[PDB]
RNA sequence: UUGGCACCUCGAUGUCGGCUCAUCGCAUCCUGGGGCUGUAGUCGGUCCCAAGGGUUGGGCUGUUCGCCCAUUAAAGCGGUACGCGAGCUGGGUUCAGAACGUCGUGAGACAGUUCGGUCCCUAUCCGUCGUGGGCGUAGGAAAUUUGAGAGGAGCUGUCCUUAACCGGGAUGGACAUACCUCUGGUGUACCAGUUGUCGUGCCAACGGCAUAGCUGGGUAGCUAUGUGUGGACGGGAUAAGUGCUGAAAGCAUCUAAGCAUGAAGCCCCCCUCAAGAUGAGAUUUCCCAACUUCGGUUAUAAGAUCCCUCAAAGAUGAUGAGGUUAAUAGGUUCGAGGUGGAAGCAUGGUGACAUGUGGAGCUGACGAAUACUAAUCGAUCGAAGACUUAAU
Ligand SMILES: [Zn+2]
């Protein structure tokens, strides 16, 4: 345990509807947005690069490429602004943190499947 | 985190390829800038043609810092490189195309012409 | 970097006010009527 | 109005509506009671005295603060309470609204309250001028022989001395600090915890005092 | 964790000697800083012995040293054989402990505080 | 400032510029308050009160100055041995080498340049930053406190509204302070990959040494560049001013008696320290006998301490958590977080290797249980309350 009274106070905010993924997987996060007038959802699909933490303080980081420029995005895992997560692929890796992918592009930066 | 002597990549088609930061505007003694902030710079490398020439002293907005921005939700966004757009003192761009993605923090700055010319705003 | 006046005997004996030592714990042993340090073994038919 | 004593157990985060993130401190304010009232006719000033944590009862041959002693076992027995670890000032609380023997409950505070938290900050040891104060290093090369030293401690023949207040090195750390205008985020009466928005002075298991803010 | 005045490479080798000496002599006089530290090293090894299997005899050999014990009438034994055979049968119902520190005075050439470590 | 004088220092009072750290004056650079204007508004010009806080980064030059570039509400001026070399640097300047122009018959020299070129000291006293012991405070203790006195803090951009003043809002810059939930750094007794070589007899598994051999991650703690908070609203008395009633002076006049109003400044308000504040304060609790030669004395009480297990505290000491009527450390058991699939075995492959058993196995500081080992037996200190007066 981390500590009683901390697992006992922050327990009503642990989500219980997300899938279970790993570093190396591919995700399609449906984040919610409030622009100038209304609520809309905007999808963000990339590779999971790291998960750290435990409890309500857990986070993960997914990485994509937009126009040749890499864009990695970081979320609190139980945040109430993720509408739903979907696991597209499940790649095969050998580390817990895929930090080496930051210096790679193209065929050098491909994660296997299965 | 841009400071004096930091070199950025230009992400429009105004003729410039690289700028050098001369001063971050804002207050007195102010040390660094980030996305949504306006710097004074100078063109170090241009493209043949275009209005902005090598050696000009211009103003630019910052887009895509490599140490990104934190949001009120505990969300973050980081980029792979630093970029900026040369602007016109009414806060409109000097070019007419914008390359690569751009951060959603440019709406509070009222740069509505930069966020609308750009491919996906993040 | 070096003394400007010599030190008088009075000022030397006051500085040495606190340069002293205290006796040890040194309780008596129950096995042999003796003296040993508290929480250590007895150095005389070593018991504890 | 609205004092209480408690112990710091650690930091966490909560999610407010609109999906914000809120850093939070967890305080454990359990077993507070009122031990004595001070009046202007007897003491000169009004206040109530509160004791926080339950302590074991008197025993002979007790060799530690874990057990009450005969002077303290009796003071907490004028009011009918068990012996307390911590016992504090509460001077900005109107005394007419308390009775000796009451149990200051965590529910006195409601979510939305502005509060001041006081505590003894952590404790660092002997520190130098650069860490203890905010002073600059000397050059680390170019011939330099001045790296973490303080500057010049005075001037010359005029004022042939150092002034009081020179900022030299010395013990840094554990002082008394208030942080003002913090917020109560949530009260949990079953566990008796106060979720304070932000962070507070001191180590974990350290004592804190929550009061309503002075504005 | 104490540091004992050495470097982390010398401090590691000095406890692998202290631990293999308790396994052999059953009783040693040390200083009281090396005794408080080496009790943790020899007790984490007793549980590998009384645990039993092959993968835990592979993890005891990362710490013990290659020394031979001469039994009675020339029946030699390795310090890893004496730990998984004989020290692991008398400590099969004790749940923690296994070792005992006893203080003595300060020794003479420096007033370092002598101590004895046993197996209980 | 350039000087006049030559009174102090030749058995030595260390230059210029820069760095670090400041501190005071006001003849005010910004911000606060006012009078006059040739002040229509927006901007000004001038003079008065005002020292609370604030008062920038570069290019060129050893430079100081100065000139430029880009900013700012602003880029104040001076003293303090032209502040500060037993705090630092040593670029200029006036040590020995060498050279150019120039002067000299010459040795040499500058009415001038050029390249090179040794900055010592273990703090005795006052000073000042921390932290202990002794005695005192008319009995001995344990807590909680009042606050005489002291130290901090004090800055002000833009935008929206009113629609230029006066009014209301929202957000910044720079500084302070506390903290590690978040994003990051470190993490030499944490996990993993890998090279050379010597070993455990060999295979397989492992150990030494090579910067921790090297490389990829990383727990606690410590941390900023990260996360929160602050300078808020106000009172009293005034400054320059603006006045009201009002005479000396049969009118007038802010003044002499009276009465108002008026500043980022003054005294508070906010934040810390504070009975050695010898004037040593106050509350509510605890303990309270024997013996004399009646002078007083012992041990004991309540309370501590020694010694020992410790960390949230720490140079030491002090502070805190505990000492068997015990969870204080270790071990043991179960966990959190970190690593990222152990060994053995079997299968597939000719082989390097892959798959399964199985989110496996290990895991230092973090959260809980458990007396298995150590905090054993003991010892030292520590009260019986002075006499005057006045009331009960
Ligand atoms: Zn004995």
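Throughout, read-outs are computed from the coordinates displayed, never taken from laboratory work. FYI the Cβ positions are ideal-geometry reconstructions off the backbone, even for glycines, and counts take in every protein chain you see.
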Approximate spin-label separation residue A:33-residue D:156, in nm, with each point projected 7 Å along Cα-to-Cβ | 6.7
Helical mean residue ellipticity (222 nm; -39500 (n - 2.57) per DSSP H run of 4+; nearest 500) of chain D | -1000 deg cm²/dmol
Yeah, the protein assembly as shown with a ≥ b ≥ c from its alpha-carbon gyration tensor (a/c under 1.5 is rounded, else prolate when a/b outruns b/c, oblate otherwise) is prolate
Most fluctuating residue of D:11, D:155, D:172 in a GNM of chain D with Cα springs under 10 Å: which is it?
-> D:155
The stretch A:1-109 shape via C-alpha gyration tensor axes, a/c threshold 1.5 | oblate
Shape call for chain D from the C-alpha gyration tensor, a ≥ b ≥ c root eigenvalues: rounded (a/c under 1.5), prolate (a/b greater than b/c) or oblate?
-> prolate
Exposure proxy order (Cβ contacts within 10 Å, fewest to most) of E:82, C:12, D:167 | C:12, D:167, E:82
Using only helices, what value at 222 nm comes out for chain C when you add -39,500 (n - 2.57) per DSSP H run of length 4 or more and divide by the total residues, to the nearest 500 deg cm²/dmol?
-> -3500 deg cm²/dmol
Between the alpha-carbon centers of the stretch B:1-56 and the stretch A:36-61, tell me the distance in whole angstrom.
-> 32
Over all pairs of different Cα atoms in the stretch D:6-79, the reciprocal of the mean inverse distance gives a Kirkwood radius in Å of 16.0
For peptide A:54-62, the mean count of other chain Cβ atoms within 10 Å per residue Cβ is 2
Fluctuation leader among D:110, D:193, D:26 - chain D, Gaussian network, Cα springs under 10 angstrom = D:110
Inter-chain shielding metric for C:40-47, i.e. average beta-carbon neighbours from other chains within 10 angstrom, reads 3
What does the highest-first list of B:78-86, E:38-46, D:197-205, E:90-98 look like by mean Cβ count within 10 Å?
-> B:78-86, E:38-46, D:197-205, E:90-98
Packing-based ranking, highest mean first, of A:105-112, D:112-119 given that Cβ atoms within 10 Å are counted = D:112-119, A:105-112
Protection-proxy order for peptides E:5-12, E:110-117, each taking the mean of Cβ atoms within 10 Å per residue, highest first | E:110-117, E:5-12
How high is the relative contact order of chain B, in percent, with contacts defined as C-alpha pairs under 8 Å that are six or more residues apart?
-> 23
How far is the Cα center of the stretch A:91-114 from the Cα center of the stretch E:69-84, in Å?
-> 53
On Cα atoms only, tilt of E:32-49 relative to the major axis of chain E in degrees = 10
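If you count, for every residue in A:26-35, the Cβ atoms of partner chains within 10 Å of its Cβ, what is the mean?
On the way: counts 0, 0, 0, 0, 0, 2, 2, 1, 2, 3.
Per residue, the average neighbour count from other chains is 1.
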